[PDB]
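# Residue-level structure breakdown
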Amino acid sequence: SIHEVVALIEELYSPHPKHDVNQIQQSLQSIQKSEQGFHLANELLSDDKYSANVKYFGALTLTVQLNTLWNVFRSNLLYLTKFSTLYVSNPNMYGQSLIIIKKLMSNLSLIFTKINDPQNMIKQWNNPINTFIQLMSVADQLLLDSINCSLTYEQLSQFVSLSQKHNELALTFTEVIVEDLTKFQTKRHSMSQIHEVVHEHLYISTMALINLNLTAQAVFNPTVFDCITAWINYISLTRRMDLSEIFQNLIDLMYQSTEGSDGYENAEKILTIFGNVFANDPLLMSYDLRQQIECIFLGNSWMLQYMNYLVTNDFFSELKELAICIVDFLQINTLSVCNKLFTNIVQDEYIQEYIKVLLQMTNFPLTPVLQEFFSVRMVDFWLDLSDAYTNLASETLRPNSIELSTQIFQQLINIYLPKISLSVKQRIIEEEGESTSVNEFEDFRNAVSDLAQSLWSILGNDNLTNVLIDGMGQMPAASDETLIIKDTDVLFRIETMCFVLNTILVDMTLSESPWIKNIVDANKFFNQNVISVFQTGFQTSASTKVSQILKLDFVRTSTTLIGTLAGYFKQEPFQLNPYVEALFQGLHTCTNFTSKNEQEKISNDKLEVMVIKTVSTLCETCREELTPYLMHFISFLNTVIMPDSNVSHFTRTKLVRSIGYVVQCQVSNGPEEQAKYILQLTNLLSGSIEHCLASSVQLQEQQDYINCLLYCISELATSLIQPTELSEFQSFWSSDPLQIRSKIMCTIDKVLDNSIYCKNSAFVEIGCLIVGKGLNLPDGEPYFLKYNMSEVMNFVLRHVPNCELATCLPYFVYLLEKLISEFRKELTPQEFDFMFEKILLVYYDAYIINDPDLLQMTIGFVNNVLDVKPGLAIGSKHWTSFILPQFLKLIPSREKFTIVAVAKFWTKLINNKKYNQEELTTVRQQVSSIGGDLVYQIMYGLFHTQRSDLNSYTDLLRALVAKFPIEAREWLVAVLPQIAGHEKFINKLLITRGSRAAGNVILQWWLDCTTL
Amino acid sequence: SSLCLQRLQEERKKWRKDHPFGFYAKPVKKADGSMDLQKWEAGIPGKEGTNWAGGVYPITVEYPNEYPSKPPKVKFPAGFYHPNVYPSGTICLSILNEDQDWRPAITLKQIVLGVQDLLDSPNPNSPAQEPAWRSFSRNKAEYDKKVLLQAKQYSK
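Residues numbered from 1 in each chain as written, not as in the entry; some residues may be left out. Chains lettered and ligands numbered in written order. Heavy atoms only, no water. Residues with missing side-chain atoms left out of burial classes, pairs and counts.

Regarding how it was determined, this PDB entry cites X-ray crystallography in its header, along with a resolution of 4.5300 Å.

## With respect to empty space enclosed by the protein
Residue and element names in this part refer to chain A. Note the following rule: A cavity here means a set of 1 Å grid points, computed over protein atoms only, where a 1.4 Å probe fits but cannot escape. A pocket is an open set with protein on both sides within 12 Å along at least 5 of 7 lines, and lining residues have an atom within 4 Å of a point. Grid points are joined across faces, edges and corners, and a volume is the space filled by probe spheres set on the points. Helix and strand assignments come from DSSP, with helices taken as H or I runs of at least 4 residues and strands as E runs of at least 2, each series counted from the N terminus. Three classes are used: nonpolar for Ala, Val, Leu, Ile, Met, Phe, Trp, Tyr, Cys and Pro, charged for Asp, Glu, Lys and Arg, and polar for all others, with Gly counted as polar.
The space that makes up the largest cavity amounts to roughly 180 Å³. Forming the boundary of the largest cavity are 14 residues, of which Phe584, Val615, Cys619, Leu626 and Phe633 lie nearest the centre. Elements represented by at least two residues in the lining of the largest cavity include exactly helix 29 (577-589), helix 30 (600-621), helix 31 (630-640) and helix 32 (649-664). The element best represented in the lining of the largest cavity is helix 32, accounting for four residues. Residue composition of the lining of the largest cavity, by class: 13 nonpolar, one polar and no charged.

## Looking at the interface of chain A and chain B
Operational definition: Note on contacts: a residue pair qualifies if any of its non-hydrogen atoms lie within 4.5 Å across the two residues. As used here, buried area is the combined drop in accessible area, with a 1.4 Å probe, of two parts when they are placed together. Residues adjacent in sequence count toward polar contacts only when both atoms are side-chain atoms; beyond that, a polar contact is any pair of N or O atoms within 3.5 Å, and within protein one must be able to donate a hydrogen and the other to accept it.
At the junction of the two partners, chain A supplies 38 residues and chain B supplies 31 residues. Here chain A packs against chain B, burying approximately 2,800 Å² in sum over the two surfaces, 44% of which is carbon and sulfur. Contact with chain B buries surface across chain A, with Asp443, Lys613 and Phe650 of chain A losing the most and accounting together for 16% of the total. Seen at the junction of chain A and chain B, the total is twelve residue pairs in polar contact.

## What about the sheet that holds strand 1 (residues 24-29) of chain B?
One key point about sheets: their strands pair by backbone hydrogen bonds, in either a parallel or an antiparallel sense. Residues and elements named next belong to chain B. Using the following cut-off: If DSSP finds at least two bridges between two strands, the strands pair. Lines fitted to the C-alpha atoms define the axes, with helices restricted to the stretch that makes contact. Angles between their N-to-C directions range from 0 to 180 degrees.
The antiparallel open sheet is built from four strands, whose spatial order is 1-2-3-4. The open sheet is flanked by strand 1 and strand 4 (73-75), the only strands paired with a single partner. Neighbour-to-neighbour, the strand axes of the sheet open up by a mean angle of 30 degrees, direction not taken into account. For strand 2 (residues 35-45) and strand 3 (residues 56-62), the ladder comprises seven bridges, and the chain directions are antiparallel. Directly across from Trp40, in strand 3, lies its bridge partner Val61.

## Things to note about the packing of helix 20 (residues 374-390) of chain A against helix 1 (residues 2-17) of chain B
Axis angle and axis distance: for two packed helices, these are the angle between their axes and the distance between the axes, and together they describe the pair. Cut-off, in case you're wondering: Geometric relationships in this document are graded by angle, where less than 35 degrees denotes roughly parallel, more than 145 denotes roughly antiparallel, 65 to 115 denotes roughly perpendicular, and other angles denote oblique.
Interaxial distance between helix 20 of chain A and helix 1 of chain B falls to 10 Å at its minimum, and their mutual angle equals 150 degrees. Taken together, the axis directions place helix 20 of chain A and helix 1 of chain B in an arrangement best described as roughly antiparallel. Two secondary-structure elements touch here, helix 20 of chain A through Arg377, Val379, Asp380, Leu383, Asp384 and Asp387 of chain A and helix 1 of chain B through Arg12, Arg16 and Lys17 of chain B. Looking at side-chain class alone, the contact of helix 20 of chain A with helix 1 of chain B contains two nonpolar, no polar and seven charged residues.

Rendered as structure tokens:
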């Protein structure tokens, strides 16, 4: 059958095999490990005529050793035997035979991990490297015994390095052992002492071998670099292991590695090692070696020569790795530079040149992302330096601290401002298109924006903000009319200045500041240049995808800065007019146009959203200043609401919200002048709704149009609410002679009287939102849409029978809860019985009792009545007949929200503090009657339930025991035995507690009562 | 505590070094301009090709003193519309619940990717918001329209 085994092994690796690959694989997994699998593996490795894949399968079959103590020794002997076999066949001249070499190395590494774990005998290995060393010297089977645990010195170890493959095999063996010890330590932490064994024997041999490869020129092999990183990783996981001389000699090799000497290959690998150290465990390197790294990177200098070698050859990935390593190295040094700079606790001219070179490196020619990442990683460094300077003590500053800090950070501003220039993104989209480099450029801009937000606490307004304002306010960007810049250089400069100025001005308050009025009035072209950016970008024809995306970016930045300036517009109204006119000119250009080719419309919608967003912010803050523009806008809206427009329903809604924001502040001329606008908007919305419902029989388009106009009514109702920041309006809106509520209610009735709309959940939702807009508002607020009790009641009674009871009832019920909380003073238990009978009880037994949403809806309604006015629920005719029996049977319910609803119901019923003295006596009397069945339902649910619902009737039992401790024992001695004798134990232990630590007694009772 | 601040510093370094495109995160500033390491501001971009596309939804992350023994609390703005967002804004997510899949080793990157995945793939087992879950389950068209308008609402 050995011929059959070799047959299907070669069949598995054939290009197009027969029968099946999965089946011959399962059969190969079936031959092993069984008592002949081990002997098969030894015959597969000892036979030289087999293929390399078959021998690999032999070592893999050996790997299954998890199947007790004796077969491990019998395996390890043959592991080391076939080991020494192929490892002697390698060093002379074999080649490409090291695959099985690595697999056998992995098998021995697994053996070293398994044997040294906690669990005639067999002692510990302690040092497999030495054992491998003496195994290359060929009474025969007796040799492995004495060679294993004790071996030679360092001179013979260097003599082993007579060949290159010897050093390569030793580096790989130590590397695989270390990476496997790393994988085994990361998987599960039961090691704790094997690390000590590696520290006492393997660590010494590995350190001596690595240092021999680093110091000696002939013994040097690049594989040691990949081995060093492995050792460093394992050390980073445990903790004293020195590694100081290894880092020192790696620095010496990197400095000796030049273009002519090494071709910067060793320098690249050693820099990858240092980048790994600094990025993962930077504390692993001592202070002296980090000082040498500082003197090598910052200095003609060797570092400048390596950077020029990487730049001239167009190696952007290797330059990226270099920037990552240098930044991770510089981020750990902050307090020493900050102290020798800004705190006083020959060095000055040295640290001035130090910062000068660091700023020259911060600038760094070659545009970003596309080529370099130095500025991208340096942003986090400058953030740490800004926070470190801000975190410095007030009494510790240097005499020249503020001047040197201002100078350094202003040079930073002058360096990073051309870096984030939009010309870079233009060249990125030109060369690389829509790649991930654009996304990295957006993350770079967000990082520099946060850098400026942290730098403002140092530079102030005049050194950071006034530099941008005077840069863009004292010179016209467009001398010709229509504000066309015509110039690319100043356009990129002004887009950069608008972006930085916006992110700085968002953190301010333009109302409390008179400084903003002083700085803008000293700049004639400031507002003109901001509008020049908006109009230049908006009127830009999108030819390529690059010009389209840049157009969207310019519009985004402009609309955001305009949105940030509303406080200054309240402080300086006469500069507001050019903005409103320029905005509405662009706003009409992106509204009345229907040209779509083809995905351009998503850019039109993004522009239209940012414009209407800026309009919403301005109407939110500058309500008083915008009074004269109202009469033109309502007419333009009348032209937009036409069943043919380019606006989205969202833009229609936010437009109605903006007009309502301006209308809310028109309380000056009295309620009549403001009501002229309110009645005009009411007649326009209801007229267009009634026009659409009764003319073009409602289709999906008419449904979206009706939903849009209903949302417009909702935004208008929200916008007319007085912000939290006389009697004539109260009497007017209490009477509302213009019949605003009458027209709105009849319009909602006309929409909900249609069968295509009343059974839709969305229209019921927005209807109950609009009708319940005036509910729960602070009393005294002259709200226009404040509805009385009877109007909302007859409204719900009007549209509740003809609607869909499954999906549409909770909105009417939430509206009734709002009405109950509003009219809590004037409510009567008979009116509450009327609402309970008409809206819930008739529809209960058919549509509610078997529906979880409607069930939890009804329970939450009763809980709302108990929270607001308990006298309505207690004095109900269905209180003792319906509410109590039903909620009693619903205690061991299967729905989580239903369980929580019933538990909150009985909990509020017990712990309610709003009870009258008569109501409290009647409640205690009724509870002292049903309490029995209550404990039965509690233990019934607790028995049939499982974890995560145990704490539900715990708070119910906590309230029942605290409120009724005496009857608690009488009800427990009756309910416990039904749901054996050990149950009595909870009685003494629970009532003794009172409350606050039950459950702990309860699960200790459930544990008893479950096994039985 | 003191493990808490050391861990949050390491998290800040790790995030700032490597994170998904379109996210941002930064400690809020205290009155003295120093960072409140236990309260962060972040932004979650909607996934392209979903009704969430185009929005960047802002969240706050509040780390308890017992972090990382206890998970942070993550909140959207009050009134955010989603079936797994409480009225308060509290997100229902297994990795954010100490009683479920929270592990001390979970990083901010994993949290924010979890939130992104939750955005277009709500979990029915955590219905934190009645109207969102109801619309999702009974009027998908309304839910999608609301999501699209909220994406416009929080436009990038």
